[PDB]
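Coordinates from coords.txt are shown below (compact mmCIF, C-alpha atoms).
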# COMPACT_ATOMS: atom_id res chain seq x y z
CA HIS N 26 -8.19 -8.61 -19.76
CA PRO N 27 -6.69 -12.08 -20.55
CA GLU N 28 -3.56 -10.46 -22.00
CA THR N 29 -2.95 -8.90 -18.59
CA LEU N 30 -3.41 -12.34 -17.02
CA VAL N 31 -0.74 -13.64 -19.46
CA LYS N 32 1.63 -10.90 -18.26
CA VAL N 33 1.12 -11.90 -14.64
CA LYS N 34 1.81 -15.53 -15.61
CA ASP N 35 4.81 -14.24 -17.64
CA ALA N 36 6.10 -12.54 -14.50
CA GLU N 37 5.48 -15.56 -12.30
CA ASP N 38 7.60 -17.80 -14.58
CA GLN N 39 10.39 -15.26 -15.15
CA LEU N 40 10.74 -14.26 -11.50
CA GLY N 41 10.26 -17.87 -10.42
CA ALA N 42 7.92 -16.60 -7.72
CA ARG N 43 4.23 -16.29 -6.84
CA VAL N 44 2.49 -13.19 -8.22
CA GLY N 45 -0.96 -12.07 -7.05
CA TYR N 46 -3.18 -9.69 -8.99
CA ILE N 47 -6.59 -8.01 -8.78
CA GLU N 48 -8.44 -5.55 -11.02
CA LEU N 49 -11.45 -3.98 -9.36
CA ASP N 50 -14.05 -1.65 -10.82
CA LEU N 51 -14.34 1.38 -8.51
CA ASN N 52 -17.94 2.20 -9.29
CA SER N 53 -19.56 -1.24 -9.13
CA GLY N 54 -17.04 -3.13 -7.01
CA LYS N 55 -16.96 -5.98 -9.51
CA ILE N 56 -13.78 -7.99 -10.11
CA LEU N 57 -12.42 -7.52 -13.64
CA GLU N 58 -9.36 -9.76 -13.35
CA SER N 59 -7.74 -11.91 -10.69
CA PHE N 60 -4.78 -14.21 -10.14
CA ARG N 61 -4.05 -15.94 -6.82
CA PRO N 62 -6.60 -13.62 -5.13
CA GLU N 63 -6.81 -15.69 -1.91
CA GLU N 64 -3.08 -16.21 -1.37
CA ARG N 65 -1.12 -14.31 1.23
CA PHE N 66 1.66 -11.85 0.40
CA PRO N 67 3.77 -9.55 2.62
CA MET N 68 2.26 -6.05 2.60
CA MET N 69 5.53 -4.21 3.13
CA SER N 70 4.99 -0.44 2.89
CA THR N 71 1.58 -0.87 1.21
CA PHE N 72 0.32 -1.19 4.80
CA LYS N 73 0.96 2.52 5.40
CA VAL N 74 -2.19 3.44 3.49
CA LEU N 75 -4.25 1.26 5.86
CA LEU N 76 -2.35 2.79 8.79
CA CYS N 77 -3.25 6.35 7.83
CA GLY N 78 -6.80 5.13 7.18
CA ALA N 79 -7.00 4.12 10.84
CA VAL N 80 -5.44 7.43 11.85
CA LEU N 81 -8.01 9.36 9.81
CA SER N 82 -10.87 7.36 11.35
CA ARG N 83 -9.58 8.52 14.72
CA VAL N 84 -9.39 12.10 13.39
CA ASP N 85 -13.05 11.78 12.31
CA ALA N 86 -14.06 10.64 15.79
CA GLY N 87 -11.98 13.43 17.35
CA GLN N 88 -9.60 10.99 19.03
CA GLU N 89 -6.86 12.48 16.87
CA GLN N 90 -6.10 15.82 15.25
CA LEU N 91 -4.11 16.18 12.02
CA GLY N 92 -2.42 19.30 13.41
CA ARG N 93 -1.23 17.68 16.65
CA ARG N 94 2.56 17.76 16.92
CA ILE N 95 4.68 14.73 17.83
CA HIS N 96 8.26 14.97 19.09
CA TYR N 97 10.64 12.01 19.00
CA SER N 98 14.26 11.02 19.68
CA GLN N 99 17.14 9.93 17.46
CA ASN N 100 16.65 6.50 19.03
CA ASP N 101 13.22 6.16 17.42
CA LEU N 102 14.90 6.49 14.02
CA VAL N 103 15.06 3.19 12.11
CA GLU N 104 16.33 2.31 8.62
CA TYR N 105 15.17 4.59 5.77
CA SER N 106 13.57 7.61 7.42
CA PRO N 107 14.17 10.35 4.81
CA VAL N 108 11.78 12.93 6.32
CA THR N 109 11.60 12.20 10.06
CA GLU N 110 15.41 12.30 10.38
CA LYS N 111 15.16 15.99 9.40
CA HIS N 112 12.81 16.98 12.23
CA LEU N 113 14.36 15.81 15.49
CA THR N 114 14.33 19.38 16.82
CA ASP N 115 10.86 20.63 15.86
CA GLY N 116 8.91 17.36 15.57
CA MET N 117 6.16 16.61 13.06
CA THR N 118 2.39 16.89 12.91
CA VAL N 119 0.23 13.80 12.40
CA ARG N 120 -0.60 15.04 8.89
CA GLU N 121 3.12 15.47 8.09
CA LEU N 122 3.76 11.97 9.40
CA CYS N 123 1.15 10.39 7.11
CA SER N 124 2.50 12.44 4.22
CA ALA N 125 6.01 11.04 4.79
CA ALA N 126 4.77 7.51 5.44
CA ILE N 127 2.72 7.44 2.24
CA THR N 128 4.57 9.66 -0.27
CA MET N 129 8.06 8.56 0.75
CA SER N 130 7.68 5.29 2.71
CA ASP N 131 9.29 6.84 5.82
CA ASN N 132 9.68 3.96 8.26
CA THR N 133 10.02 5.99 11.45
CA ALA N 134 6.91 7.97 10.45
CA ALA N 135 5.00 4.68 10.15
CA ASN N 136 6.19 3.58 13.60
CA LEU N 137 5.26 6.90 15.20
CA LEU N 138 1.79 6.64 13.64
CA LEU N 139 1.48 3.00 14.75
CA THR N 140 2.14 4.26 18.28
CA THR N 141 -0.72 6.81 18.07
CA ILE N 142 -3.30 4.07 17.28
CA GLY N 143 -2.01 1.46 19.73
CA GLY N 144 0.30 -0.62 17.54
CA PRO N 145 0.08 -3.45 14.95
CA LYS N 146 -2.66 -5.28 16.87
CA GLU N 147 -4.87 -2.19 16.85
CA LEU N 148 -4.41 -1.67 13.11
CA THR N 149 -5.44 -5.31 12.71
CA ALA N 150 -8.46 -4.67 14.96
CA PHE N 151 -9.27 -1.58 12.85
CA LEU N 152 -9.25 -3.66 9.65
CA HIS N 153 -11.27 -6.42 11.34
CA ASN N 154 -13.96 -3.95 12.30
CA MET N 155 -14.26 -2.58 8.77
CA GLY N 156 -14.81 -6.12 7.50
CA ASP N 157 -11.31 -7.27 6.55
CA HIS N 158 -10.74 -10.43 8.61
CA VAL N 159 -7.78 -11.55 6.51
CA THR N 160 -5.14 -8.79 6.53
CA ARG N 161 -2.92 -8.66 9.62
CA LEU N 162 -0.13 -6.42 10.87
CA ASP N 163 2.05 -8.00 13.53
CA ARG N 164 5.41 -6.23 13.69
CA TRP N 165 6.92 -2.77 13.35
CA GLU N 166 9.38 -1.26 10.86
CA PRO N 167 11.71 -2.59 9.65
CA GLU N 168 10.95 -6.15 10.84
CA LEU N 169 7.56 -6.43 9.14
CA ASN N 170 9.38 -6.77 5.78
CA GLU N 171 11.08 -10.07 6.67
CA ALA N 172 8.84 -11.97 4.23
CA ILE N 173 9.65 -15.44 5.61
CA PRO N 174 8.03 -17.97 3.23
CA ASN N 175 4.53 -19.01 4.39
CA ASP N 176 4.73 -16.65 7.39
CA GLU N 177 1.29 -15.10 7.68
CA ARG N 178 2.46 -12.19 9.84
CA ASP N 179 2.26 -8.79 8.14
CA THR N 180 0.42 -10.27 5.17
CA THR N 181 -2.66 -9.61 3.09
CA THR N 182 -4.28 -11.17 0.04
CA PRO N 183 -4.85 -9.36 -3.26
CA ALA N 184 -8.62 -9.66 -2.80
CA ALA N 185 -8.57 -8.49 0.81
CA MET N 186 -6.33 -5.51 0.06
CA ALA N 187 -8.33 -4.47 -3.01
CA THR N 188 -11.69 -4.45 -1.22
CA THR N 189 -10.25 -2.77 1.88
CA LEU N 190 -8.69 -0.03 -0.28
CA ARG N 191 -12.03 0.39 -2.09
CA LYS N 192 -13.82 0.90 1.21
CA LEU N 193 -11.22 3.35 2.49
CA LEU N 194 -11.22 5.45 -0.67
CA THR N 195 -14.84 5.28 -1.79
CA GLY N 196 -16.80 3.73 1.09
CA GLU N 197 -18.83 5.33 3.86
CA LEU N 198 -16.43 4.50 6.69
CA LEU N 199 -14.30 7.67 6.54
CA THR N 200 -15.67 11.17 6.12
CA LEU N 201 -15.53 12.63 2.64
CA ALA N 202 -12.75 14.96 3.83
CA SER N 203 -10.75 12.01 5.15
CA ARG N 204 -11.31 9.98 1.97
CA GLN N 205 -10.05 12.95 -0.02
CA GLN N 206 -7.00 13.39 2.20
CA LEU N 207 -6.06 9.69 1.91
CA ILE N 208 -6.28 9.72 -1.87
CA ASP N 209 -4.41 13.05 -1.97
CA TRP N 210 -1.48 11.51 -0.09
CA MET N 211 -1.48 8.54 -2.47
CA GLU N 212 -1.62 10.79 -5.52
CA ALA N 213 1.52 12.51 -4.18
CA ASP N 214 3.41 9.16 -4.03
CA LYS N 215 7.15 9.86 -4.82
CA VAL N 216 8.58 6.39 -4.55
CA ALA N 217 6.58 4.36 -7.12
CA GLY N 218 7.92 5.96 -10.31
CA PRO N 219 9.08 2.87 -12.27
CA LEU N 220 5.96 0.80 -11.52
CA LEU N 221 2.37 1.45 -12.64
CA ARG N 222 3.11 5.14 -13.18
CA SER N 223 5.61 4.24 -15.94
CA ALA N 224 2.76 2.81 -18.06
CA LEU N 225 0.44 5.77 -17.52
CA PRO N 226 -0.61 7.79 -20.58
CA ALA N 227 -0.53 11.57 -20.19
CA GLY N 228 -3.58 12.91 -18.35
CA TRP N 229 -4.38 9.84 -16.29
CA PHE N 230 -5.08 9.94 -12.58
CA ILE N 231 -3.13 7.69 -10.28
CA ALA N 232 -3.03 7.34 -6.52
CA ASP N 233 -0.79 4.56 -5.37
CA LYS N 234 1.50 3.06 -2.76
CA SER N 235 4.32 0.60 -3.40
CA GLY N 236 6.23 -1.76 -1.15
CA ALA N 237 9.49 -3.68 -1.15
CA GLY N 238 10.91 -6.19 1.32
CA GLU N 240 13.20 -9.14 1.86
CA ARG N 241 13.11 -12.35 -0.18
CA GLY N 242 12.15 -10.67 -3.44
CA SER N 243 8.94 -9.13 -2.14
CA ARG N 244 7.51 -6.29 -4.21
CA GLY N 245 4.06 -4.75 -4.42
CA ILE N 246 1.72 -1.93 -5.32
CA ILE N 247 -1.89 -0.88 -4.66
CA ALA N 248 -3.49 1.81 -6.80
CA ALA N 249 -6.57 3.73 -7.81
CA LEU N 250 -6.16 4.92 -11.40
CA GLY N 251 -8.14 5.94 -14.45
CA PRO N 252 -8.19 8.05 -17.59
CA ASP N 254 -9.06 11.76 -17.75
CA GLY N 255 -7.90 12.78 -14.28
CA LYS N 256 -10.39 10.53 -12.44
CA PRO N 257 -9.79 7.08 -10.90
CA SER N 258 -12.17 4.34 -11.98
CA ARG N 259 -10.38 1.11 -11.20
CA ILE N 260 -8.35 -0.30 -8.34
CA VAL N 261 -5.31 -2.52 -9.03
CA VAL N 262 -3.44 -4.65 -6.49
CA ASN N 263 -0.25 -6.50 -7.32
CA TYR N 264 2.17 -8.39 -5.12
CA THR N 265 5.04 -10.81 -5.55
CA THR N 266 7.27 -12.65 -3.11
CA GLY N 267 9.91 -15.37 -3.15
CA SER N 268 12.01 -14.25 -6.10
CA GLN N 269 15.78 -14.02 -6.07
CA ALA N 270 15.52 -11.31 -8.76
CA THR N 271 16.79 -7.73 -8.42
CA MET N 272 14.58 -4.81 -7.42
CA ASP N 273 15.04 -3.53 -10.98
CA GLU N 274 13.67 -6.64 -12.71
CA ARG N 275 10.84 -6.80 -10.20
CA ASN N 276 10.13 -3.14 -11.09
CA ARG N 277 10.10 -3.90 -14.83
CA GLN N 278 7.82 -6.92 -14.30
CA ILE N 279 5.17 -4.81 -12.55
CA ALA N 280 5.53 -2.13 -15.24
CA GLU N 281 4.87 -4.73 -17.97
CA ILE N 282 1.69 -5.81 -16.19
CA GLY N 283 0.74 -2.14 -15.97
CA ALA N 284 1.39 -1.72 -19.68
CA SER N 285 -1.07 -4.52 -20.48
CA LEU N 286 -3.61 -3.07 -18.02
CA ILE N 287 -3.59 0.30 -19.77
CA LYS N 288 -3.36 -1.11 -23.30
CA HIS N 289 -6.51 -3.22 -22.74
CA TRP N 290 -8.40 -0.72 -20.56

Go through the file and emit its structure as C-alpha cells.
Amino acid sequence: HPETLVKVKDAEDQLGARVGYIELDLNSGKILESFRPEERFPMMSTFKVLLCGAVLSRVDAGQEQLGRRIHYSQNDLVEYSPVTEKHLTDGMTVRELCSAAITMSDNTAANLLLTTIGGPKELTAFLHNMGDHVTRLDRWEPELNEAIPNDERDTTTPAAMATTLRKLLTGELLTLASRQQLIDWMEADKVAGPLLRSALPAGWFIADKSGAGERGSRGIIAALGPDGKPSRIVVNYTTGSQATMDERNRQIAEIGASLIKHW
C-alpha cells in the first residue's frame, strides 16, 4: 500500500538514512510494495536464517544431523552469546545451535554453525546455487556487523533477501520437514518484540528474524499473515543513521503498523 510507502519515506527522512523495503505475496511470489529494492544493506543477524537454511540442506542430504553434538571452548565465545555460554561443559546439538542463533541471535552459535558448513564463503556458495547471486557473507561474528558505508561485504538487497527467504520457506529446495523446522525457529523468535510483532493483531502468525549492527543498521525479515497462517513476506533494512536503537525500533514498528492497517 502507498501509505506504507509513505511510512518508509517518513522513516528515511527522520532517521536521515537509507531504508529498504519489500512486500512479497507468499502464494504468487508477486511484489506488492518496494522501496530501494536493489540497494545493498548489511544483513546483521538476519543472515542466521540463511545460515540454518544451509545447515538444513546438509541435514537433508545426510551431510549433517540435527542431533549431532558439538563441543567448544570458552575461547570460541564472542560478544553476546546468551545460550552457548551456558553449555561449555556439555556442548550443544546442531538443532540447539540453530535455535539459539535464530530465536536469540547467539553469535557464538552462528560461528559454530558457520564452521560446520565451511564458513562465510560456503554460505555464499550455498546462496549462489539456490539462485541468489547478490547476497554475500564475508566475515564472522561480531565483525560482519561493521556496516562500513558502501562496503558490500556481509550485505544483501531487500529484493534478494525476500526471494531467497521465499524459496527457503515455501520452495522446493529444502524438504518439507526442513522448511517446517526453519519457520518453527523463526516463529519462536525472542529478540524482535518491539518491531513487526508490536503491530500484530491478536491471532496473527509471524515468523521473523531481526538484526542490529554498527552505524545505525537495523533490520527484519518476516513471514506473517492473519488467522495463524503466513501469507506475505516482508523485508526491511536501514543503515547509516545516528539514531538510537529505540527510535530505529519505533520506525520499523510504524511501518509495520501501516502494513497491517492496509493489509

Surrounding residues of residue 130 in chain N excluding itself and chain neighbours under 6 positions, 9 Å, all atoms listed in the file, as a PyMOL selection string: chain N and resi 70-71+73+105-107+124+214-216+234-236

One-decimal distance in Å that lies between CA of residue 224 in chain N and CA of residue 284 in chain N: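 It comes out at 5.0 Å.
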
Point-to-point distance in Å for CA of residue 175 in chain N and CA of residue 233 in chain N: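 So the answer is 26.1 Å.
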
Straight-line distance linking CA of residue 185 in chain N with CA of residue 265 in chain N, stated in Å to one decimal: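 A separation of 15.2 Å between them.
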
Residues of range 149-248 of chain N at most 12 Å from range 46-58 of chain N: nearest atom pair and distance in Å, all atoms listed in the file, as a tab-separated table:
residue	atom	partner	partner_atom	distance
N:182	CA	N:46	CA	9.2
N:183	CA	N:47	CA	5.9
N:184	CA	N:47	CA	6.5
N:185	CA	N:47	CA	9.8
N:186	CA	N:47	CA	9.2
N:187	CA	N:47	CA	7.0
N:188	CA	N:54	CA	8.0
N:189	CA	N:54	CA	11.2
N:190	CA	N:51	CA	10.1
N:191	CA	N:51	CA	6.9
N:192	CA	N:54	CA	9.7
N:193	CA	N:51	CA	11.6
N:194	CA	N:51	CA	9.4
N:195	CA	N:51	CA	7.8
N:196	CA	N:51	CA	10.2
N:245	CA	N:46	CA	9.9
N:246	CA	N:46	CA	9.9
N:247	CA	N:47	CA	9.5
N:248	CA	N:48	CA	9.8

Contact residues around residue 203 in chain N with all atoms listed in the file at 9 Å, ignoring same-chain residues under 3 positions, as JSON, numbers by chain: {"N": [78, 81, 82, 84, 85, 194, 199, 200, 206, 207, 208]}

Selection file, C-alpha atoms, as an mmCIF file, keeping the file's coordinate frame:
data_model
loop_
_atom_site.group_PDB
_atom_site.id
_atom_site.type_symbol
_atom_site.label_atom_id
_atom_site.label_comp_id
_atom_site.auth_asym_id
_atom_site.auth_seq_id
_atom_site.Cartn_x
_atom_site.Cartn_y
_atom_site.Cartn_z
ATOM 1 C CA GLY N 78 -6.800 5.130 7.180
ATOM 2 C CA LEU N 81 -8.010 9.360 9.810
ATOM 3 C CA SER N 82 -10.870 7.360 11.350
ATOM 4 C CA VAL N 84 -9.390 12.100 13.390
ATOM 5 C CA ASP N 85 -13.050 11.780 12.310
ATOM 6 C CA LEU N 194 -11.220 5.450 -0.670
ATOM 7 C CA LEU N 199 -14.300 7.670 6.540
ATOM 8 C CA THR N 200 -15.670 11.170 6.120
ATOM 9 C CA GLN N 206 -7.000 13.390 2.200
ATOM 10 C CA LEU N 207 -6.060 9.690 1.910
ATOM 11 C CA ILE N 208 -6.280 9.720 -1.870
#

All residues 9 Å or closer to residue 275 in chain N, all atoms listed in the file, same chain fewer than 2 positions away omitted, as a count of residues only: 15

What's the 7 Å shell around residue 69 in chain N, counting only C-alpha atoms, without same-chain residues fewer than 6 positions away, as a short mmCIF file (atom, residue, chain, number, x, y, z; two decimals) with C-alpha atoms, in the coordinates of the input?
data_model
loop_
_atom_site.label_atom_id
_atom_site.label_comp_id
_atom_site.auth_asym_id
_atom_site.auth_seq_id
_atom_site.Cartn_x
_atom_site.Cartn_y
_atom_site.Cartn_z
CA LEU N 169 7.56 -6.43 9.14
CA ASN N 170 9.38 -6.77 5.78
CA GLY N 236 6.23 -1.76 -1.15
CA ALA N 237 9.49 -3.68 -1.15
CA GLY N 238 10.91 -6.19 1.32
#
